[PDB]
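J.: I would like the atomic coordinates for the input below:
(chains A, B, C, D, E, F, G, H, I and J, ligands or ions: 10)
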Amino acid sequence: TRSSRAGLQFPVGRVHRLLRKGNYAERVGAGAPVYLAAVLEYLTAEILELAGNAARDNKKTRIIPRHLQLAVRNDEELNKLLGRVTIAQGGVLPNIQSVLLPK
Amino acid sequence: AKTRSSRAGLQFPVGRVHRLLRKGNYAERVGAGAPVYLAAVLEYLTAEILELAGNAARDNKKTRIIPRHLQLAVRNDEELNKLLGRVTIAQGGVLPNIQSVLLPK
Amino acid sequence: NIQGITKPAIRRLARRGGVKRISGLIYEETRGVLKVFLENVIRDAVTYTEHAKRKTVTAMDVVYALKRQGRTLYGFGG
Amino acid sequence: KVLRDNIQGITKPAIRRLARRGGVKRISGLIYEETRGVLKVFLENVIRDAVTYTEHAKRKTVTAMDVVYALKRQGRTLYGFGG
Amino acid sequence: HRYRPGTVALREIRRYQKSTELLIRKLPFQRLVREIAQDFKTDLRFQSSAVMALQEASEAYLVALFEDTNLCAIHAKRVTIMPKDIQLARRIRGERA
Amino acid sequence: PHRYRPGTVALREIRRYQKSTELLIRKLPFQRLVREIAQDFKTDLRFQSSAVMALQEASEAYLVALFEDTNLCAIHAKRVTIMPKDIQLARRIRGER
Amino acid sequence: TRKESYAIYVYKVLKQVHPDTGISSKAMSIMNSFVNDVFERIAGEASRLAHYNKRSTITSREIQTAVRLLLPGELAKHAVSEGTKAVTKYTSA
Amino acid sequence: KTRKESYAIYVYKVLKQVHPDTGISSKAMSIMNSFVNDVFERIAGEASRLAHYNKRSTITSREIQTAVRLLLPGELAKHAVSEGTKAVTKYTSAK
DNA sequence: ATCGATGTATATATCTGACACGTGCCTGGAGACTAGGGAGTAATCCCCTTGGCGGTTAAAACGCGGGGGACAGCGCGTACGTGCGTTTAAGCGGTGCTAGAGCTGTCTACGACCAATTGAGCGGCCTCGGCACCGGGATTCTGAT
DNA sequence: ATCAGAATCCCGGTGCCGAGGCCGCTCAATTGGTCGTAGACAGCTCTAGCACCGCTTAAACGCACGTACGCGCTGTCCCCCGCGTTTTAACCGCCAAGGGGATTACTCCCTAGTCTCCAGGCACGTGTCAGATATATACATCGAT
Ligand SMILES: [Cl-]
Ligand SMILES: [Cl-]
Ligand SMILES: [Mn+2]
Ligand SMILES: [Mn+2]
Ligand SMILES: [Mn+2]
Ligand SMILES: [Mn+2]
Ligand SMILES: [Mn+2]
Ligand SMILES: [Mn+2]
Ligand SMILES: [Mn+2]
Ligand SMILES: [Mn+2]
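T.: Numbering: from 1, shown residues only, chains lettered A, B, ... in the order given. Ligands and ions are numbered 1, 2, ... in the order given. Sharing the structure here:
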């Protein structure tokens, strides 16, 4: 493969195909399917990280959409990135405005 | 006529719109009606706008369309204004609109 | 039909919304709002179906529509 | 030569002038600093991006185009300067 | 006995922000969807996932919207959301004109 | 002597600045500012004089758009004077950070 | 060197539409921007349509439906008619 | 019965790399796959304009890189460039 | 109510440089031809969608009653608009210097493209356990007192 | 606070269906290889970016004063929330039928690629009139008496 040759889990082949076929440019370098597959791999790790955490925190062995949402909205940097994305079955973070609380 | 523009009875250069669509990686291959269509739609809009700008220029007693004139044009037309709802025109300025509650009684 | 969007349903959404107290006129307002929303999304959706020459609006037409409109959704074949 | 405190170039009469074209009549005194705050987060965003284009184009000069591309990126498209 | 006006409200907020289940029952919604689309094209079919997709997108949107609505209510020293808030929210979003 | 009442010149000035298009921030200050911020991202940068002018065009537009929406927030609160908290509500709602 | 522009075509159309009327350097520039913006917006959304439909080619069918997504109503409708007209005109000639 | 692709299995392998004793639902799996494709487009897209902007025909690791720097928030970008520059050099090692 | 001065509106003449034009030089489009693969069309399939039906069962509805929040009125306290004199630095255009962009010119590395071989990845498969379901007992508040 | 008293949480038992795993086939990836061109890189020129100065003055600053608005208080009236009971249609489970979408094999129209041919479109130059700038004057209205 090449996932091997770059220590990646993410299909370095698949990616090189998709760049060429998805009409981004005439020609496509050798490093880029690797650079990108990596960045894709990197980021899917950070999510899987904090969601899993969240599934532990929420006492489950399996990650459901909520755990993703919690991971995402609680992370300041990830939340920005997915600033315009609604995640199916995410729900919302619990947040109740002060002045609404009892006295 | 030789110009594909003339074959289509258009002001816009259909040869240009054709080169661009290719040197632009939108798809492998480009049809031959697509440039034509697009070159025309480009024309409809430049016309549609220039029309309202000129009128804007006219009221402001002027021979020459300056960007205020484009701006007045754009934000006065419900629809054009939405096409360019996220766009800024250098030297545009804004529409004269003063809120009610700020007016003396 | 539209009035099928029940007061209690609208109430729940506002609760998940963080809202404590709701005026009566809201409910109807919500409806126009929701209507406008679907319209635009379904207009774009259908346009995709019309262009795909299909009598069956898919999830992907929807998904493509939401993208177009900057309301991207995950979990239906991104 | 070193550059320091320039945000205070954004004088109060100007932050005023803009607010007027903005339809504002009465301006609270705590506004002028918040505006500078905002203008800064704004310029830091466009220029972070403008610059990234300039670095990619392998240049020491930032062009009208790098700016315009940045704005387009940030969904604040601008006509009048190329593009 | 009787719970003081607003106290089940707070309790309900807690309950719904903790859950991710959809809040408009599917069939009225589904019927609303078909109606609206018929106005754009006749004799149409929907994938059940196509309807869910819409449902999720719409609710998520409305909730977000109430959030921002609610802030306007609060901005006006109020505690009740009112149509005038929604209009301001949307106005500033640049949804409505 | 003579003295225009409070708010009288404001209304005048609004109308002045809403007729014209000329930039409102002074040219030189503006540039110094942009050169700073950019330095603090990468040293040893130059600018096309038109590239500054672009950023300013883009800057003022934004802030005027901003004040517009700030102003609405002041008015939402049965007020006529704009306040940091107003700006703050506009930006939350615009979904800025 | 050669800097291409829609400056002539915009003049042409302006003369067709307001014959005693000139355009400023900046105004031209702006116009020139507007054409390019709407070009990409259209061209891009057409490109997505080809792609979404596993299709290798952008034909005016694409450019059309692209238009129906991008433009608001009256603008869209007219533009569509205007467009499919010049195609028809183009085929025959 | 059509052979529809995804990133599913690789998402999993990476899940094991970070949370060995944890699993995932189909519903969340879709979200991970959506997430991947979305991010892939956004980066690929930016890269694409980058090339054009600079009158050049090739999308290299460099284009991808700067794309990443425009697309990502300060910290997340930072790590991304790492993993990016790393796996690339490690790739150009082997042959 | 009448009166004056202030800013805006407008009229002029005036001077200047930008648009708009004509001329000529070149590069991108037109023209004509081929060869190849995309897409369109028609021919078969089966999967997904719709539909209709009837059972409990929760959810919608509706009303009742009273509490607290909206909203309107008022008044206090003060911050922000206005004006003027003082003070600071922007804008002007004018001169000088070289850094860096943009245009140029050669060589070759890296990518596309073709073909032939190989297992990574997908659908289809079954069993199994993480977790939805709940009925009981553990706690953690809410309102009344 | 101190009370009972809800409603909610956490817990142990049970149960079922989608996770996560393996079976094996196939098609996308990999390998080995040729060909040419995009772009790297070194050379060269020529724009415009920076710098620096001083004459001019429009703008900015800083302070004084008081006016009219921010907001804090009150006080009333009614519009929502809570809650019990009465009314609808959401939902689930079950089967039934054909529409349309999915897949396949075939031919031909259409588009990329290639070459040679020349005016559309560009820069370049240039001359004049639209519009900006300066200065006097009439018209409107705001606020002081
Ligand atoms: Cl590369
Ligand atoms: Cl075509
Ligand atoms: Mn610094
Ligand atoms: Mn009087
Ligand atoms: Mn040099
Ligand atoms: Mn190679
Ligand atoms: Mn107590
Ligand atoms: Mn338990
Ligand atoms: Mn080259
Ligand atoms: Mn059929």
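
J.: How about the contacts made by the closest residue to residue E:76 other than its chain neighbours?
T.: Distances taken as CB to CB, 6 or more residues apart in numbering or on different chains put residue F:77 closest to residue E:76, at 5.3 Å, once the chain neighbours are dropped. (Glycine included, C-beta is placed from N, CA and C.) Residue F:77 makes contact with E:75, E:76, E:77, F:86 under the criterion CB atoms under 8 Å, 6 or more residues apart in numbering or on different chains.

J.: Equivalent analysis for residue E:33, please.
T.: Here residue E:33 is in contact with C:38, C:42, E:46, E:51, E:54 (CB under 8 Å, 6+ apart).

J.: Look up how far residue G:47 lies from residue A:40.
T.: 22 Å (CB to CB, to the nearest Å).

J.: one step back: among the contacts of residue F:77, which pair sits farthest apart?
T.: Greatest spatial distance in those: E:77 and F:86, 13.4 Å, computed using CB to CB.

J.: number of nearby residues for the residue of chain A found nearest chain C?
T.: Here chain A gets closest to chain C at one residue, residue A:88, 3.4 Å apart by CB to the nearest CB. Neighbourhood size, residue A:88 [other CB atoms under 10 Å in any protein chain shown]: 24.

J.: go on, the one 3 residues further on?
T.: Residues near residue A:91, counting by other CB under 10 Å, number 20.

J.: Chain neighbours aside, what residue packs nearest to it?
T.: residue E:20 (3.6 Å).

J.: And residue A:63, how far from residue F:94?
T.: Counting by CB to CB - residue A:63 and residue F:94 are separated by 33 Å.

J.: Pick out whichever of the two has more residues nearby.
T.: Per other CB under 10 Å, whichever of residue A:63 and residue F:94 has more neighbours is residue A:63, with 27 against 15.

J.: beta partners for that one?
T.: Residue A:63 has these beta-bridge partners by DSSP bridges: residue H:24.

J.: show me what contacts it?
T.: By CB under 8 Å, 6+ apart, residue A:63 lies in contact with A:48, A:51, A:52, A:54, A:55, H:22, H:23, H:24, H:25, H:28.

J.: Among these, which ones are in strands?
T.: Judged by DSSP state E, the contacts of residue A:63 include H:23, H:24 as members of strands.

J.: okay, the contacts of residue A:63 in JSON lines with distance to ligand 2 next?
T.: Listed next are the contacts of residue A:63 as JSON lines, based on distance: CB to the ion, whole Å:
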{"residue": "A:48", "distance to ligand 2": "45"}
{"residue": "A:51", "distance to ligand 2": "47"}
{"residue": "A:52", "distance to ligand 2": "50"}
{"residue": "A:54", "distance to ligand 2": "51"}
{"residue": "A:55", "distance to ligand 2": "52"}
{"residue": "H:22", "distance to ligand 2": "52"}
{"residue": "H:23", "distance to ligand 2": "50"}
{"residue": "H:24", "distance to ligand 2": "45"}
{"residue": "H:25", "distance to ligand 2": "45"}
{"residue": "H:28", "distance to ligand 2": "43"}
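
J.: which of the contacts of residue A:63 lies closest to chain G?
T.: Comparing those against chain G with CB to the nearest CB places residue H:28 closest, at 25.0 Å.

J.: Check the gap between that closest one and residue A:65 for me.
T.: Look at residue H:28 and residue A:65: by CB to CB, they are 5 Å apart.

J.: More neighbours: the two, which one.
T.: residue H:28 (27 against 24).

J.: And for residue C:35, the neighbour number?
T.: Quick note: residue C:35 (other CB under 10 Å) scores 15 neighbours.

J.: Run the contact check for the biggest helix by length in chain A versus chain B.
T.: The longest helix of chain A (DSSP state H) is helix A:32-57. No. Contact of helix A:32-57 with chain B (CB under 8 Å from any CB of the partner chain) is absent, the minimum separation being 14.9 Å.

J.: about what we covered before: farthest-separated two in the contacts of residue E:33?
T.: The span of those, defined through CB to CB, is set by C:38 and E:46 at 12.4 Å.

J.: circling back to that earlier point, quick one: which of the contacts of residue E:33 is most hemmed in?
T.: Going by other CB under 10 Å, residue E:54 tops those with 30 neighbours.

J.: Could you pull out the buried residues of the helix or strand containing it?
T.: In the assignment (DSSP states H and E), residue E:54 maps to helix E:48-75. Under the neighbour-count criterion of 16 or more other CB atoms under 10 Å in any protein chain shown, helix E:48-75 has E:49-75 buried.
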